[PDB]
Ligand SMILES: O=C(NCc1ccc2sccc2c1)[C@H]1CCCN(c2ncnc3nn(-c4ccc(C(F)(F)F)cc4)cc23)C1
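Next up: just one chain, as structure tokens, the form solved without this ligand.
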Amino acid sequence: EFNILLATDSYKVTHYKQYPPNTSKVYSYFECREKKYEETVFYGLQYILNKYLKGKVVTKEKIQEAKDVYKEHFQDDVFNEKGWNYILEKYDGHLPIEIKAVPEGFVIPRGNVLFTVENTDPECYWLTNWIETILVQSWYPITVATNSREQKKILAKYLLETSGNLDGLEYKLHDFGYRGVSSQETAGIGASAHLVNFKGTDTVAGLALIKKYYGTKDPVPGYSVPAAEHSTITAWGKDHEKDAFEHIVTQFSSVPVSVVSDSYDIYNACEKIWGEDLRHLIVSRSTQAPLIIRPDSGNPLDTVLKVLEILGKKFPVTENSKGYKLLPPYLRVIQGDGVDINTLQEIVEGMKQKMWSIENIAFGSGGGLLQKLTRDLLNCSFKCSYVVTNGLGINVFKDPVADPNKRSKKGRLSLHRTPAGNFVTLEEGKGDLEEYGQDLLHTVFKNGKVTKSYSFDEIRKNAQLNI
């Protein structure tokens, strides 16, 4: 089905004719360039290696298919049929490429090499950057995992300040983004990246991806709870919202249940329906099976604060040991509308200023978590840094006059820890001097084989917060 010969940017089809004659090696690297988001979670390359790059990826039929498409697409014969046939005949269609990468889950400051790519056969000098397009899509799981982890840092800071511990942190940011991403494939990739940091998800696609490509000791990497949507409330008719609420919390009386409460009037629902008519069905619930009230409209901070004020007047509020107000354990709130890293910060800060514990609230995020992200957020970039031409290696780079931020690194690269425990990327082959301890890049792919793999449990450990 998938054809790697048709999985590149069109212009790359023409690059084999553009490199210097007598070029035997093209060596390229990926970084999140330096320019907020000072460090990045490296995640997602193992998916790409296994799904698209390993094994026999070239066949006679795929070559003919590409040749025919490109003849029409370019209105010209430019496709390197010879070079692809070489890989087919010499290597049984396995890519003569070596990729070295930092371990998945590692948290690396901006401006460092995260992986490198080079050809292992001199005839395939053109192949290194053929697969740039595929490999650069690693920007997306890196950026989802990174932005999710930055939200975890905010939640952890405010949970610690308002409650004194981090209990429940892993469930405080729930993935609501399945319908809000651009494809089924993106849903799985993005949901898996969020699960590097959290355990709550409604994007089921992430589970199958992690099981197939990474693996966990536990049966599943992420969990959900029963929850209403507007259709299951509004189907009862507007005059029967109370009947809908009563039915749903009674069907799910012994597990947590989230009930969207803003179909008609969130404030009436909290004060009169939950707070009076159905109060007897709430105060009876277990600490392990709270009602979770879900507003879903209005200004996010103003709505959360007004919902909490209403609930604190109808239910017995305590003051925890840090001085912050706490709803009874059978009652919680989830804000799932308009949540991104900026509004999450605004809400928890507003709660803190009004003396509400972050224990009371959880968040759901859809587009903000999985779709409202681009390759430019972390300046994810893949560039050639080293070539061998006429048997001599030369260090190559770009350095555009009008934008020093786009200057790329020179020569053969390696990643090291510094004496102070930070990270440094050495350029120009200087890692070979061995002044800086071991290279942290490891070979993960060579000549069609995935050579080093990480479980999802290892990745989660590598991506832990300091605290």
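Residue positions are given as counts along the sequence shown, with the first one as 1.
This protein has a second form, the form solved in complex with this ligand, left out of what is shown; the following refers to that one.
- Judged by heavy atoms within 4.5 Å of this ligand in the deposited complex, the contact stretch among the candidates 183-191, 80-88, 239-247, 357-365 is 357-365.
- Note on contacts: among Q151, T162, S258, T128, the single residue with a heavy atom within 4.5 Å of this ligand in the deposited complex is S258.
- The single contact residue among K314, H94, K352, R332, judged by any heavy atom lying within 4.5 Å of this ligand in the deposited complex, is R332.
- Shown alone here, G168 lies within 4.5 Å of this ligand in the deposited complex, counting heavy atoms only.
- Contact annotation for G206: none of its heavy atoms lies within 4.5 Å of this ligand in the deposited complex.
- Taking non-hydrogen atoms only, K172 approaches this ligand to within 4.5 angstroms in the deposited complex.
- Among heavy atoms of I292, some come within 4.5 Å of this ligand in the deposited complex.
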